[PDB]
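Visitor: My questions all concern the structure below.
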Amino acid sequence: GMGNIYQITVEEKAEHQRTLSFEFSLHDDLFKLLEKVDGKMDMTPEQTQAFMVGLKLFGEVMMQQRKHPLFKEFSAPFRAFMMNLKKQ
Amino acid sequence: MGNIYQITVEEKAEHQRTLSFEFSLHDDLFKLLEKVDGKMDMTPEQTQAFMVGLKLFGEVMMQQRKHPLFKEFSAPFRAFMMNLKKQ
């Protein structure tokens with residue numbers, strides 16, 4: 001769908017307390033998707049949230065880099081995985 | 001006992017909703033980003049989104065290894081992880 005722009009920040013809790021921050025666009029409304037799958041995945045809310053954030057982040061990059069040989073061969077099993085998740 | 005991180009996602013437009021949570025990885029996420037930096041044919045934002053997304057998703061999969069949603073995806077996902085290390 002429509003591109004939605006997010007800022008993603010990751011900070012180390014311990015040791016050096018290093019941080020990274022980057023802007024990223026997803027073609028789904030992530031917060032609406034999180035409400036929708038909430039309690040549908042047969043996992044805890046923490047797991048559901050991390051899994052969905054992680055999947056949309058790496059899945060979007062593969063959509064942008066479709067022709068990359070890192071991803072051409074994985075596009076089939078990944079799509080099958082996505083289709084099974086959407087049946088939930 | 002692994003590295004703890006806090007991830008925040010903030011909508012830039014709309015109601016500017018935010019979410020924040022913690023996760024733990026065995027590997028050093030920042031050292032990992034440094035290694036794959038500009039050595040994937042991707043932009044910096046893609047590399048970061050890719051590595052962060054992949055490690056987050058992989059962590060939940062390792063916690064939920066026998067889960068029906070993940071069981072069949074494990075062989076393909078392991079081959080993918082292995083092939084990434086060769087890149």
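We name chains A, B, ... following the order of the structure tokens; residues begin at 1 in each chain, and ligands are numbered from 1 as shown.
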I want to know what sits within 9 Å of segment 42-58 of chain B, based on only C-alpha atoms, with residues of the same chain fewer than 5 positions away left out; could you give that as a PyMOL selection string?
Guide: (chain A and resi 8+10+20-24+50-62+64-65) or (chain B and resi 23-25+29+32-33+36-37+63)
Visitor: Need the shell around segment 29-32 of chain A: protein/DNA/RNA residues with any atom at most 9 Å away, counting only C-alpha atoms. Skip same-chain ones fewer than 4 positions apart. Format as an NGL selection string?
Guide: (:A and (1-4 or 36-37 or 52-53 or 56)) or (:B and (11 or 17-19))
Visitor: Write the residues of the selection above to a file with N, CA and C atoms, as a compact mmCIF listing (two decimals), in the first residue's frame.
Guide:
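What follows is the written file part_19.txt:
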```txt
# COMPACT_ATOMS: atom_id res chain seq x y z
N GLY A 1 0.83 -1.25 0.00
CA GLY A 1 0.00 0.00 0.00
C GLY A 1 0.84 1.27 0.00
N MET A 2 0.26 2.32 0.56
CA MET A 2 0.92 3.62 0.75
C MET A 2 2.16 3.52 1.63
N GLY A 3 3.20 4.26 1.28
CA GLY A 3 4.42 4.30 2.07
C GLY A 3 4.17 5.02 3.38
N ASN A 4 4.62 4.44 4.48
CA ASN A 4 4.55 5.04 5.80
C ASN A 4 5.98 5.19 6.29
N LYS A 36 -4.01 -5.51 14.50
CA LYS A 36 -4.67 -6.60 13.78
C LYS A 36 -4.19 -8.01 14.18
N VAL A 37 -2.88 -8.23 14.18
CA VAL A 37 -2.31 -9.55 14.53
C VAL A 37 -2.21 -9.81 16.03
N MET A 52 6.85 -9.27 14.05
CA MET A 52 6.21 -8.46 13.01
C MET A 52 7.04 -7.25 12.60
N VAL A 53 7.67 -6.58 13.56
CA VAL A 53 8.57 -5.46 13.25
C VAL A 53 9.76 -5.94 12.43
N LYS A 56 8.69 -7.10 8.72
CA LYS A 56 8.39 -5.96 7.85
C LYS A 56 9.65 -5.17 7.49
N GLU B 11 6.28 6.70 14.19
CA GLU B 11 5.65 7.19 12.98
C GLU B 11 6.03 8.64 12.84
N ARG B 17 2.54 7.90 16.45
CA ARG B 17 2.50 6.84 17.44
C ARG B 17 3.90 6.30 17.57
N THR B 18 4.21 5.78 18.77
CA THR B 18 5.51 5.17 19.03
C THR B 18 5.36 3.84 19.74
N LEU B 19 6.32 2.96 19.51
CA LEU B 19 6.40 1.69 20.23
C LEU B 19 7.87 1.51 20.57
```
Visitor: Please identify which residues in chain B DSSP calls strand (DSSP E) from the backbone, and express them as a VMD selection string.
Guide: chain B and resid 3 to 11 18 to 25
Visitor: Which one of A:38, A:6, A:75, A:81 sits closest to residue 26 of chain A if you count only C-alpha atoms?
Guide: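 Under the stated criterion, the closest residue is A:6.
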Visitor: So the first atom is atom CA of residue 34 of chain A and the second is atom CA of residue 48 of chain A; what is the distance between them in Å, to one decimal place?
Guide: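 Taking atom CA of residue 34 of chain A as the start and atom CA of residue 48 of chain A as the end point, the length is 8.0 Å.
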Visitor: Show which residues sit within 12 Å of residue 70 of chain B, as an MDAnalysis selection string. Count only C-alpha atoms, and ignore same-chain residues fewer than 6 positions away.
Guide: (chainID A and resid 41:43 51 77:78 80:82 84:85) or (chainID B and resid 57:58 60:64 76:78)
Visitor: Restrict the selected residues to N, CA, C and O atoms and save them as an mmCIF file, in the first residue's frame.
Guide:
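That gives us part23.cif:
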```
data_model
loop_
_atom_site.group_PDB
_atom_site.id
_atom_site.type_symbol
_atom_site.label_atom_id
_atom_site.label_comp_id
_atom_site.auth_asym_id
_atom_site.auth_seq_id
_atom_site.Cartn_x
_atom_site.Cartn_y
_atom_site.Cartn_z
ATOM 1 N N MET A 41 -1.367 -14.757 16.668
ATOM 2 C CA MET A 41 -0.202 -15.532 16.225
ATOM 3 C C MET A 41 0.146 -16.749 17.074
ATOM 4 O O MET A 41 1.029 -17.515 16.688
ATOM 5 N N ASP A 42 -0.547 -16.940 18.196
ATOM 6 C CA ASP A 42 -0.286 -18.058 19.112
ATOM 7 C C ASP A 42 1.125 -17.910 19.736
ATOM 8 O O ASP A 42 1.896 -18.871 19.851
ATOM 9 N N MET A 43 1.436 -16.664 20.105
ATOM 10 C CA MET A 43 2.690 -16.258 20.746
ATOM 11 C C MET A 43 2.333 -15.175 21.739
ATOM 12 O O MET A 43 1.199 -14.698 21.749
ATOM 13 N N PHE A 51 8.584 -9.999 16.191
ATOM 14 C CA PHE A 51 8.489 -10.801 14.979
ATOM 15 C C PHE A 51 7.940 -9.993 13.815
ATOM 16 O O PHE A 51 8.519 -10.009 12.730
ATOM 17 N N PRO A 77 10.318 -19.320 -1.071
ATOM 18 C CA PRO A 77 9.961 -19.748 0.292
ATOM 19 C C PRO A 77 9.504 -18.609 1.225
ATOM 20 O O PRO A 77 8.682 -18.842 2.107
ATOM 21 N N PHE A 78 9.995 -17.401 1.001
ATOM 22 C CA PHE A 78 9.588 -16.253 1.783
ATOM 23 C C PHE A 78 8.122 -15.858 1.509
ATOM 24 O O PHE A 78 7.366 -15.574 2.426
ATOM 25 N N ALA A 80 5.849 -17.929 0.398
ATOM 26 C CA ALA A 80 5.059 -19.025 0.952
ATOM 27 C C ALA A 80 4.874 -18.862 2.463
ATOM 28 O O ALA A 80 3.806 -19.143 3.001
ATOM 29 N N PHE A 81 5.926 -18.405 3.133
ATOM 30 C CA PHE A 81 5.879 -18.123 4.561
ATOM 31 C C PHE A 81 4.889 -16.975 4.837
ATOM 32 O O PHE A 81 4.057 -17.064 5.747
ATOM 33 N N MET A 82 4.971 -15.921 4.032
ATOM 34 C CA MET A 82 4.068 -14.778 4.166
ATOM 35 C C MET A 82 2.621 -15.169 3.941
ATOM 36 O O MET A 82 1.751 -14.705 4.658
ATOM 37 N N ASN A 84 1.255 -18.159 4.421
ATOM 38 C CA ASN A 84 0.815 -18.928 5.584
ATOM 39 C C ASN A 84 0.522 -18.032 6.799
ATOM 40 O O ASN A 84 -0.442 -18.286 7.516
ATOM 41 N N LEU A 85 1.337 -16.998 7.023
ATOM 42 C CA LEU A 85 1.075 -16.041 8.107
ATOM 43 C C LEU A 85 -0.221 -15.257 7.902
ATOM 44 O O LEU A 85 -0.905 -14.944 8.874
ATOM 45 N N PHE B 57 13.645 -10.820 14.002
ATOM 46 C CA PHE B 57 12.798 -11.927 13.549
ATOM 47 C C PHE B 57 13.416 -13.286 13.907
ATOM 48 O O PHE B 57 12.722 -14.181 14.375
ATOM 49 N N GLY B 58 14.722 -13.422 13.692
ATOM 50 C CA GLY B 58 15.456 -14.661 14.007
ATOM 51 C C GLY B 58 15.414 -15.012 15.471
ATOM 52 O O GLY B 58 15.333 -16.181 15.832
ATOM 53 N N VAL B 60 12.937 -14.253 17.672
ATOM 54 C CA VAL B 60 11.598 -14.808 17.953
ATOM 55 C C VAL B 60 11.443 -16.234 17.397
ATOM 56 O O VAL B 60 10.840 -17.079 18.035
ATOM 57 N N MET B 61 11.988 -16.485 16.211
ATOM 58 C CA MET B 61 11.967 -17.808 15.616
ATOM 59 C C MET B 61 12.721 -18.825 16.469
ATOM 60 O O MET B 61 12.259 -19.949 16.623
ATOM 61 N N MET B 62 13.891 -18.443 16.972
ATOM 62 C CA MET B 62 14.643 -19.309 17.873
ATOM 63 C C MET B 62 13.897 -19.561 19.187
ATOM 64 O O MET B 62 13.987 -20.642 19.713
ATOM 65 N N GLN B 63 13.154 -18.581 19.700
ATOM 66 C CA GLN B 63 12.293 -18.806 20.876
ATOM 67 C C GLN B 63 11.086 -19.709 20.552
ATOM 68 O O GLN B 63 10.659 -20.484 21.384
ATOM 69 N N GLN B 64 10.558 -19.600 19.335
ATOM 70 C CA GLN B 64 9.343 -20.310 18.894
ATOM 71 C C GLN B 64 9.650 -21.338 17.787
ATOM 72 O O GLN B 64 8.896 -21.511 16.845
ATOM 73 N N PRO B 76 14.556 -23.476 4.665
ATOM 74 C CA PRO B 76 14.795 -22.311 3.806
ATOM 75 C C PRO B 76 15.486 -21.123 4.505
ATOM 76 O O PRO B 76 16.357 -20.487 3.913
ATOM 77 N N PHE B 77 15.070 -20.819 5.732
ATOM 78 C CA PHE B 77 15.654 -19.743 6.500
ATOM 79 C C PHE B 77 17.097 -20.051 6.902
ATOM 80 O O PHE B 77 17.920 -19.173 6.861
ATOM 81 N N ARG B 78 17.412 -21.291 7.254
ATOM 82 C CA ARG B 78 18.796 -21.646 7.568
ATOM 83 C C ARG B 78 19.715 -21.535 6.362
ATOM 84 O O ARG B 78 20.812 -21.015 6.490
#
```
Visitor: Just give me the gap between atom CA of residue 9 of chain A and atom CA of residue 35 of chain A in Å, one decimal is fine.
Guide: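 Atom CA of residue 35 of chain A lies 21.1 Å from atom CA of residue 9 of chain A.
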Visitor: Mind the document's chain letters and residue numbers, and return as an MDAnalysis selection string the residues of chain A that DSSP labels helix (DSSP H, G or I).
Guide: chainID A and resid 30:37 45:64 69:72 75:86
Visitor: Please dump the current selection as a CSV table (one decimal), in the first residue's frame; keep N, CA and C atoms.
Guide:
```csv
chain,number,residue,atom,x,y,z
A,30,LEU,N,2.2,-0.1,9.9
A,30,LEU,CA,2.8,-1.0,10.9
A,30,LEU,C,2.0,-1.1,12.2
A,31,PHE,N,1.6,0.1,12.7
A,31,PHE,CA,0.8,0.1,13.9
A,31,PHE,C,-0.6,-0.5,13.7
A,32,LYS,N,-1.2,-0.3,12.6
A,32,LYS,CA,-2.5,-1.0,12.3
A,32,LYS,C,-2.3,-2.5,12.2
A,33,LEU,N,-1.2,-2.9,11.5
A,33,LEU,CA,-0.9,-4.3,11.4
A,33,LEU,C,-0.7,-5.0,12.8
A,34,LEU,N,0.0,-4.3,13.7
A,34,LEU,CA,0.3,-4.8,15.0
A,34,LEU,C,-1.0,-4.9,15.9
A,35,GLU,N,-2.0,-4.0,15.7
A,35,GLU,CA,-3.3,-4.1,16.4
A,35,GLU,C,-4.0,-5.4,15.8
A,36,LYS,N,-4.0,-5.5,14.5
A,36,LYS,CA,-4.7,-6.6,13.8
A,36,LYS,C,-4.2,-8.0,14.2
A,37,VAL,N,-2.9,-8.2,14.2
A,37,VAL,CA,-2.3,-9.6,14.5
A,37,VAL,C,-2.2,-9.8,16.0
A,45,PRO,N,2.5,-11.3,23.4
A,45,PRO,CA,2.5,-10.0,22.7
A,45,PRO,C,3.9,-9.4,22.5
A,46,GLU,N,4.9,-9.7,23.3
A,46,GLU,CA,6.3,-9.3,23.1
A,46,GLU,C,6.8,-9.9,21.8
A,47,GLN,N,6.7,-11.2,21.7
A,47,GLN,CA,7.1,-12.0,20.6
A,47,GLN,C,6.4,-11.6,19.3
A,48,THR,N,5.1,-11.4,19.3
A,48,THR,CA,4.3,-11.0,18.2
A,48,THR,C,4.8,-9.7,17.6
A,49,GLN,N,5.0,-8.7,18.5
A,49,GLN,CA,5.5,-7.4,18.2
A,49,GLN,C,6.9,-7.4,17.6
A,50,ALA,N,7.9,-8.1,18.2
A,50,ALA,CA,9.3,-8.2,17.7
A,50,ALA,C,9.3,-8.9,16.3
A,51,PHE,N,8.6,-10.0,16.2
A,51,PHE,CA,8.5,-10.8,15.0
A,51,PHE,C,7.9,-10.0,13.8
A,52,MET,N,6.9,-9.3,14.0
A,52,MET,CA,6.2,-8.5,13.0
A,52,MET,C,7.0,-7.3,12.6
A,53,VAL,N,7.7,-6.6,13.6
A,53,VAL,CA,8.6,-5.5,13.3
A,53,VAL,C,9.8,-5.9,12.4
A,54,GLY,N,10.4,-7.0,12.9
A,54,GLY,CA,11.5,-7.6,12.2
A,54,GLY,C,11.3,-8.0,10.8
A,55,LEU,N,10.2,-8.8,10.6
A,55,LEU,CA,9.7,-9.3,9.3
A,55,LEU,C,9.4,-8.1,8.3
A,56,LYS,N,8.7,-7.1,8.7
A,56,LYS,CA,8.4,-6.0,7.9
A,56,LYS,C,9.7,-5.2,7.5
A,57,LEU,N,10.6,-5.0,8.4
A,57,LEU,CA,11.9,-4.3,8.1
A,57,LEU,C,12.7,-5.1,7.1
A,58,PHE,N,12.9,-6.4,7.3
A,58,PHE,CA,13.8,-7.2,6.4
A,58,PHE,C,13.0,-7.5,5.1
A,59,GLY,N,11.7,-7.7,5.2
A,59,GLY,CA,10.9,-8.0,4.0
A,59,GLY,C,10.8,-6.8,3.0
A,60,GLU,N,10.6,-5.6,3.5
A,60,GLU,CA,10.7,-4.4,2.7
A,60,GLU,C,12.0,-4.2,2.0
A,61,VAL,N,13.2,-4.5,2.6
A,61,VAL,CA,14.5,-4.4,2.0
A,61,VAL,C,14.6,-5.4,0.8
A,62,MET,N,14.1,-6.6,1.0
A,62,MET,CA,14.1,-7.6,-0.1
A,62,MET,C,13.2,-7.2,-1.2
A,63,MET,N,12.0,-6.6,-0.9
A,63,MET,CA,11.2,-6.0,-2.0
A,63,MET,C,11.9,-5.0,-2.8
A,64,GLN,N,12.7,-4.1,-2.2
A,64,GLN,CA,13.5,-3.1,-2.8
A,64,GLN,C,14.7,-3.7,-3.6
A,69,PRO,N,21.0,-11.5,-6.0
A,69,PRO,CA,21.0,-12.9,-5.8
A,69,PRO,C,21.0,-13.4,-4.4
A,70,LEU,N,21.3,-12.6,-3.4
A,70,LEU,CA,21.0,-12.8,-2.0
A,70,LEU,C,19.5,-13.2,-1.8
A,71,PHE,N,18.6,-12.7,-2.6
A,71,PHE,CA,17.1,-12.7,-2.4
A,71,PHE,C,16.3,-13.4,-3.5
A,72,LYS,N,16.8,-13.4,-4.7
A,72,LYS,CA,16.0,-14.0,-5.8
A,72,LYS,C,15.6,-15.5,-5.5
A,75,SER,N,13.0,-15.7,-2.5
A,75,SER,CA,11.7,-15.0,-2.7
A,75,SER,C,10.6,-16.0,-2.7
A,76,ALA,N,10.8,-17.2,-3.2
A,76,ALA,CA,9.8,-18.2,-3.2
A,76,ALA,C,9.4,-18.7,-1.8
A,77,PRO,N,10.3,-19.3,-1.1
A,77,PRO,CA,10.0,-19.7,0.3
A,77,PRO,C,9.5,-18.6,1.2
A,78,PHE,N,10.0,-17.4,1.0
A,78,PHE,CA,9.6,-16.3,1.8
A,78,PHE,C,8.1,-15.9,1.5
A,79,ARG,N,7.7,-15.8,0.2
A,79,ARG,CA,6.4,-15.6,-0.1
A,79,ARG,C,5.4,-16.7,0.4
A,80,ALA,N,5.8,-17.9,0.4
A,80,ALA,CA,5.1,-19.0,1.0
A,80,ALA,C,4.9,-18.9,2.5
A,81,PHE,N,5.9,-18.4,3.1
A,81,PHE,CA,5.9,-18.1,4.6
A,81,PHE,C,4.9,-17.0,4.8
A,82,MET,N,5.0,-15.9,4.0
A,82,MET,CA,4.1,-14.8,4.2
A,82,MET,C,2.6,-15.2,3.9
A,83,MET,N,2.4,-16.0,2.9
A,83,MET,CA,1.0,-16.5,2.7
A,83,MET,C,0.4,-17.3,3.8
A,84,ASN,N,1.3,-18.2,4.4
A,84,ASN,CA,0.8,-18.9,5.6
A,84,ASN,C,0.5,-18.0,6.8
A,85,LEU,N,1.3,-17.0,7.0
A,85,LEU,CA,1.1,-16.0,8.1
A,85,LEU,C,-0.2,-15.3,7.9
A,86,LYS,N,-0.5,-14.9,6.7
A,86,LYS,CA,-1.8,-14.2,6.3
A,86,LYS,C,-3.0,-15.0,6.5
```
Visitor: Just give me the gap between atom CA of residue 7 of chain A and atom CA of residue 28 of chain A in Å, one decimal is fine.
Guide: 14.8 Å
Visitor: With only C-alpha atoms as the atoms that count, which of B:9, B:81, B:1, B:40 lies nearest to chain A?
Guide: B:9
